[PDB]
Structures are given as C-alpha cells and as structure tokens.
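Chemist: Have a look at the structure that comes next, please.
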Amino acid sequence: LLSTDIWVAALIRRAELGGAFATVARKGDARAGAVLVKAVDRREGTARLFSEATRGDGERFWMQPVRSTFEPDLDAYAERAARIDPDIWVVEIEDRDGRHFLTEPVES
C-alpha cells in the first residue's frame, strides 16, 4: 500500500506542526519496513513505545509491546527489535503532553 518513508514523513511533519520534537532514531527499509514509535512525555517524565499490529480484518492499530516508567527498558526493547528486524524504523517524539501524533487506533 503506502511506503513507510511517506508515512514517517507525515508523522514527523504532524508532530513538528504540533510543537513536538520528532526525529528518526533508526532509518529502516523505505518501502516496507516496520515502525517503532517512542513517545516521550516531557512533563510527566514518562514514555511509551508503540509497535504495529493488525485486527482479524486487516485494520492497522498500535500496541505497546513493553510498558515501563523506566525509559532505558524502552531503549533496550528498541535495540533488540532492530536485531530481530534489521529493516525496522524507530521514531522518537518528545512532546510536552506526551502525544504520539498517530492517526491509527492505539491500544492504551
């Protein structure tokens, strides 16, 4: 369907327009690479990590494959994810409200 780099450009653009700091921490495969999104809440001093999942009808949503108030656990997960999948993208978003700027549904 849509090349990952196009989707990543839209996410970065949206986050930057919202006042967040958004950067590509790992540039994966342009056309079909999976994406990890690390959303850091600057105010609460906490962070979340989102990975891709699908519903029994093919609809895309975001799941949290690891949950921790200790940010280095999310960094440990991202490093392992890039060994498991060398085509993976990692996008880090730093926002005053911890917004992830994702348009697809998210698992709380």
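Within each chain, counting starts at residue 1; across the structure tokens, chains are named A, B, ... in the order shown, with ligands numbered 1 upward in that order.
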Apply DSSP to the backbone of this structure and, from region 46-91 of chain A, keep only the residues in alpha helix (DSSP H); write these as a ChimeraX atom specification.

Modeler: /A:72-84

Chemist: If you run DSSP over the backbone, which residues in region 7-67 of chain A end up strand (DSSP E)? Put them as a list in words.

Modeler: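 Listing strand (DSSP E) positions across region 7-67 of chain A yields residues 21, 22, 23, 24, 25, 26, 35, 36, 37, 38, 39, 40, 41, 46, 47, 48, 49, 50, 51, 52, 53, 54, 60, 61, 62 and 63 of chain A.
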
Chemist: Tell me, as a PDB file with N, CA and C atoms, in the first residue's frame, which residues lie within 12 Å of residue 79 (chain A), counting only C-alpha atoms; anything in the same chain fewer than 3 positions away does not count.

Modeler:
```pdb
ATOM      1  N   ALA A  25      15.189   7.964  14.714  1.00  0.00           N
ATOM      2  CA  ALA A  25      16.277   7.357  15.502  1.00  0.00           C
ATOM      3  C   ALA A  25      16.872   6.170  14.770  1.00  0.00           C
ATOM      4  N   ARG A  26      16.108   5.576  13.854  1.00  0.00           N
ATOM      5  CA  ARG A  26      16.613   4.494  13.000  1.00  0.00           C
ATOM      6  C   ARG A  26      15.872   4.534  11.670  1.00  0.00           C
ATOM      7  N   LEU A  36       8.666   1.453  14.933  1.00  0.00           N
ATOM      8  CA  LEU A  36       8.540   1.587  16.378  1.00  0.00           C
ATOM      9  C   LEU A  36       8.431   3.060  16.663  1.00  0.00           C
ATOM     10  N   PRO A  72      15.000   3.499  29.992  1.00  0.00           N
ATOM     11  CA  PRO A  72      16.006   2.599  29.392  1.00  0.00           C
ATOM     12  C   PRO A  72      15.457   1.221  28.990  1.00  0.00           C
ATOM     13  N   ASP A  73      14.365   0.724  29.632  1.00  0.00           N
ATOM     14  CA  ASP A  73      13.701  -0.518  29.194  1.00  0.00           C
ATOM     15  C   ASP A  73      13.127  -0.382  27.763  1.00  0.00           C
ATOM     16  N   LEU A  74      12.670   0.817  27.404  1.00  0.00           N
ATOM     17  CA  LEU A  74      12.116   1.060  26.051  1.00  0.00           C
ATOM     18  C   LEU A  74      13.256   1.119  25.044  1.00  0.00           C
ATOM     19  N   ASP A  75      14.405   1.691  25.455  1.00  0.00           N
ATOM     20  CA  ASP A  75      15.608   1.750  24.616  1.00  0.00           C
ATOM     21  C   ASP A  75      16.165   0.342  24.442  1.00  0.00           C
ATOM     22  N   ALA A  76      16.162  -0.488  25.522  1.00  0.00           N
ATOM     23  CA  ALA A  76      16.616  -1.891  25.435  1.00  0.00           C
ATOM     24  C   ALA A  76      15.722  -2.661  24.432  1.00  0.00           C
ATOM     25  N   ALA A  82      15.590  -4.008  16.558  1.00  0.00           N
ATOM     26  CA  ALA A  82      16.380  -3.759  15.351  1.00  0.00           C
ATOM     27  C   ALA A  82      17.279  -4.952  15.023  1.00  0.00           C
ATOM     28  N   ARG A  83      17.576  -5.835  16.007  1.00  0.00           N
ATOM     29  CA  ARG A  83      18.318  -7.076  15.731  1.00  0.00           C
ATOM     30  C   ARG A  83      17.359  -8.125  15.183  1.00  0.00           C
ATOM     31  N   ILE A  84      16.167  -8.204  15.767  1.00  0.00           N
ATOM     32  CA  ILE A  84      15.093  -9.111  15.344  1.00  0.00           C
ATOM     33  C   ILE A  84      14.696  -8.755  13.897  1.00  0.00           C
ATOM     34  N   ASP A  85      14.550  -7.443  13.637  1.00  0.00           N
ATOM     35  CA  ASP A  85      14.168  -6.909  12.349  1.00  0.00           C
ATOM     36  C   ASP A  85      15.112  -5.770  11.897  1.00  0.00           C
ATOM     37  N   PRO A  86      16.156  -6.094  11.097  1.00  0.00           N
ATOM     38  CA  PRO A  86      17.096  -5.057  10.625  1.00  0.00           C
ATOM     39  C   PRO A  86      16.490  -4.027   9.654  1.00  0.00           C
ATOM     40  N   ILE A  88      13.665  -2.375  10.434  1.00  0.00           N
ATOM     41  CA  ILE A  88      12.790  -1.552  11.274  1.00  0.00           C
ATOM     42  C   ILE A  88      13.225  -0.061  11.375  1.00  0.00           C
ATOM     43  N   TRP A  89      12.213   0.809  11.413  1.00  0.00           N
ATOM     44  CA  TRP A  89      12.330   2.233  11.671  1.00  0.00           C
ATOM     45  C   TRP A  89      12.092   2.473  13.131  1.00  0.00           C
ATOM     46  N   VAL A  90      12.725   3.504  13.680  1.00  0.00           N
ATOM     47  CA  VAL A  90      12.456   3.923  15.048  1.00  0.00           C
ATOM     48  C   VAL A  90      12.268   5.421  14.980  1.00  0.00           C
TER      49      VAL A  90
END
```

Chemist: Applying 8 Å and only C-alpha atoms, which residues near region 65-70 of chain A remain after dropping the ones on its own chain fewer than 3 positions away? List them as a PyMOL selection string.

Modeler: chain A and resi 46-51+73-74+77

Chemist: Can I get the selected residues back with N, CA, C and O atoms, as a PDB file, in the first residue's frame?

Modeler:
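After the write, result.pdb holds the following:
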```pdb
ATOM      1  N   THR A  46       7.733  10.530  31.634  1.00  0.00           N
ATOM      2  CA  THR A  46       7.471   9.146  31.289  1.00  0.00           C
ATOM      3  C   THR A  46       7.464   8.933  29.773  1.00  0.00           C
ATOM      4  O   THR A  46       7.474   9.900  29.018  1.00  0.00           O
ATOM      5  N   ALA A  47       7.447   7.657  29.335  1.00  0.00           N
ATOM      6  CA  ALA A  47       7.496   7.368  27.909  1.00  0.00           C
ATOM      7  C   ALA A  47       6.757   6.084  27.562  1.00  0.00           C
ATOM      8  O   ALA A  47       6.576   5.194  28.406  1.00  0.00           O
ATOM      9  N   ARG A  48       6.324   5.994  26.300  1.00  0.00           N
ATOM     10  CA  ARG A  48       5.633   4.824  25.804  1.00  0.00           C
ATOM     11  C   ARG A  48       6.270   4.378  24.507  1.00  0.00           C
ATOM     12  O   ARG A  48       6.840   5.196  23.786  1.00  0.00           O
ATOM     13  N   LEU A  49       6.157   3.096  24.208  1.00  0.00           N
ATOM     14  CA  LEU A  49       6.682   2.552  22.952  1.00  0.00           C
ATOM     15  C   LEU A  49       5.524   1.852  22.237  1.00  0.00           C
ATOM     16  O   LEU A  49       4.777   1.090  22.864  1.00  0.00           O
ATOM     17  N   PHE A  50       5.322   2.188  20.952  1.00  0.00           N
ATOM     18  CA  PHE A  50       4.241   1.647  20.143  1.00  0.00           C
ATOM     19  C   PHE A  50       4.813   0.868  18.955  1.00  0.00           C
ATOM     20  O   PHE A  50       5.745   1.349  18.303  1.00  0.00           O
ATOM     21  N   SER A  51       4.284  -0.341  18.714  1.00  0.00           N
ATOM     22  CA  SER A  51       4.607  -1.193  17.563  1.00  0.00           C
ATOM     23  C   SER A  51       3.313  -1.535  16.809  1.00  0.00           C
ATOM     24  O   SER A  51       2.205  -1.407  17.340  1.00  0.00           O
ATOM     25  N   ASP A  73      14.365   0.724  29.632  1.00  0.00           N
ATOM     26  CA  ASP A  73      13.701  -0.518  29.194  1.00  0.00           C
ATOM     27  C   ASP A  73      13.127  -0.382  27.763  1.00  0.00           C
ATOM     28  O   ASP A  73      13.074  -1.357  27.003  1.00  0.00           O
ATOM     29  N   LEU A  74      12.670   0.817  27.404  1.00  0.00           N
ATOM     30  CA  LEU A  74      12.116   1.060  26.051  1.00  0.00           C
ATOM     31  C   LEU A  74      13.256   1.119  25.044  1.00  0.00           C
ATOM     32  O   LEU A  74      13.138   0.542  23.970  1.00  0.00           O
ATOM     33  N   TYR A  77      14.411  -2.456  24.506  1.00  0.00           N
ATOM     34  CA  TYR A  77      13.440  -3.076  23.598  1.00  0.00           C
ATOM     35  C   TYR A  77      13.709  -2.659  22.139  1.00  0.00           C
ATOM     36  O   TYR A  77      13.714  -3.523  21.264  1.00  0.00           O
TER      37      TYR A  77
END
```

Chemist: CA of residue 103 (chain A) and CA of residue 62 (chain A) are how many Å apart?

Modeler: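 Value for the CA of residue 103 (chain A)-CA of residue 62 (chain A) distance: 9.8 Å.
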
Chemist: For a quick check of understanding, using only C-alpha atoms, which of A:24, A:30, A:53, A:15 has the smallest distance to residue 100 (chain A)?

Modeler: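 With only C-alpha atoms as the atom set, the closest residue is A:15.
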
Chemist: For residue 40 (chain A), list every protein, DNA or RNA residue within 10 Å, evaluated using only C-alpha atoms, and leave out those in the same chain fewer than 5 positions away; present the list as a list in words.

Modeler: residues 20, 21, 45, 46, 47, 48, 49, 71, 92, 93, 94, 95, 96, 97, 98, 99 and 100 of chain A

Chemist: Can I get the selected residues back with N, CA, C and O atoms, as a tab-separated table (two decimals), in the first residue's frame?

Modeler:
```
chain	number	residue	atom	x	y	z
A	20	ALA	N	6.09	19.38	18.79
A	20	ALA	CA	6.90	18.32	19.36
A	20	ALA	C	8.23	18.21	18.66
A	20	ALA	O	8.41	18.75	17.58
A	21	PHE	N	9.19	17.57	19.30
A	21	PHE	CA	10.49	17.28	18.70
A	21	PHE	C	10.32	15.85	18.14
A	21	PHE	O	9.90	14.96	18.87
A	45	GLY	N	7.52	13.05	32.73
A	45	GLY	CA	8.80	12.36	32.85
A	45	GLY	C	8.66	10.88	32.56
A	45	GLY	O	9.35	10.04	33.17
A	46	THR	N	7.73	10.53	31.63
A	46	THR	CA	7.47	9.15	31.29
A	46	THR	C	7.46	8.93	29.77
A	46	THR	O	7.47	9.90	29.02
A	47	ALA	N	7.45	7.66	29.34
A	47	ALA	CA	7.50	7.37	27.91
A	47	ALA	C	6.76	6.08	27.56
A	47	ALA	O	6.58	5.19	28.41
A	48	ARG	N	6.32	5.99	26.30
A	48	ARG	CA	5.63	4.82	25.80
A	48	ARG	C	6.27	4.38	24.51
A	48	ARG	O	6.84	5.20	23.79
A	49	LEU	N	6.16	3.10	24.21
A	49	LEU	CA	6.68	2.55	22.95
A	49	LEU	C	5.52	1.85	22.24
A	49	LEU	O	4.78	1.09	22.86
A	71	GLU	N	12.52	4.52	31.30
A	71	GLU	CA	12.77	4.71	29.87
A	71	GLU	C	13.88	3.78	29.29
A	71	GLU	O	13.68	3.25	28.18
A	92	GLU	N	11.36	8.80	17.35
A	92	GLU	CA	11.24	9.27	18.73
A	92	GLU	C	10.56	10.63	18.70
A	92	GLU	O	10.91	11.49	17.88
A	93	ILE	N	9.51	10.78	19.51
A	93	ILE	CA	8.74	12.00	19.59
A	93	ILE	C	8.78	12.49	21.03
A	93	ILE	O	8.40	11.75	21.94
A	94	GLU	N	9.22	13.72	21.22
A	94	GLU	CA	9.30	14.35	22.53
A	94	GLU	C	8.29	15.48	22.56
A	94	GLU	O	8.41	16.45	21.81
A	95	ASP	N	7.26	15.32	23.38
A	95	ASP	CA	6.18	16.28	23.43
A	95	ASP	C	5.83	16.64	24.86
A	95	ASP	O	5.85	15.77	25.73
A	96	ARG	N	5.51	17.93	25.08
A	96	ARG	CA	5.11	18.50	26.36
A	96	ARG	C	3.92	17.73	26.96
A	96	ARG	O	3.85	17.60	28.18
A	97	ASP	N	3.00	17.21	26.11
A	97	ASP	CA	1.83	16.45	26.54
A	97	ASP	C	1.97	14.92	26.31
A	97	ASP	O	1.03	14.17	26.56
A	98	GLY	N	3.14	14.47	25.87
A	98	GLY	CA	3.39	13.06	25.59
A	98	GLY	C	2.61	12.46	24.43
A	98	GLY	O	2.50	11.23	24.33
A	99	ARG	N	2.05	13.34	23.56
A	99	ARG	CA	1.27	12.98	22.37
A	99	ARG	C	2.11	12.14	21.47
A	99	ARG	O	3.30	12.43	21.30
A	100	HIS	N	1.50	11.15	20.83
A	100	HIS	CA	2.20	10.30	19.89
A	100	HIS	C	1.94	10.73	18.42
A	100	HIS	O	2.66	10.26	17.54
```

Chemist: Near residue 54 (chain A), within 12 Å and counting only C-alpha atoms, which residues show up once chain neighbours fewer than 6 positions away are dropped, as a PyMOL selection string?

Modeler: chain A and resi 60-63+104-107
